[PDB]
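Consider the single chain below, provided in structure tokens and representing the form deposited in one PDB entry.
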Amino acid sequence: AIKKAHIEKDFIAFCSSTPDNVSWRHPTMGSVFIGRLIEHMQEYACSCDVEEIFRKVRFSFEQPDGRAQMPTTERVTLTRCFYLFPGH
């Protein structure tokens, strides 16, 4: 027997800036969005699902400087919370 399934489901995309806008990168420090994501993943993967972690990353960018960007979550079809359960 055959069953129907959604063609697109359980996706989450996380972009480094909002549409039309630049994303910044330091020659020795790397890309700010990437470094910030690693930091937040390292700290919050134990207690927060990815959607929560991504929001916190956005929040960390809230105060703009000379090199400003606002990371953006896109095309989200997660139907459940995605916990990484680090250590498990």
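Whichever C-alpha set is largest while still superposing within 1.5 Å between the two forms counts as the rigid core. All residue numbers refer to positions in the sequence shown, first residue = 1.
Only in words, not in the display: the form deposited in another entry, which the text now covers.
Could you tell me whether the Cα atom of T18 shifts by at least 2 Å between the shown form and the other one after core superposition? Superposed on the core, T18 moves its C-alpha 2 Å or more between the shown form and the other one.
Work out whether the Cα atoms of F54 and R25 come closer together or move farther apart in that other deposited form than they are in this form, the change being 3 angstroms or more. The answer is farther, because the C-alphas of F54 and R25 separate from each other in that other deposited form by 3 Å or more.
Relative to what we see here, could you say if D20 and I38 have their Cα atoms closer or farther apart in that other deposited form, with a change of 3 Å or more? Compared with this form, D20 and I38 lie closer in that other deposited form.
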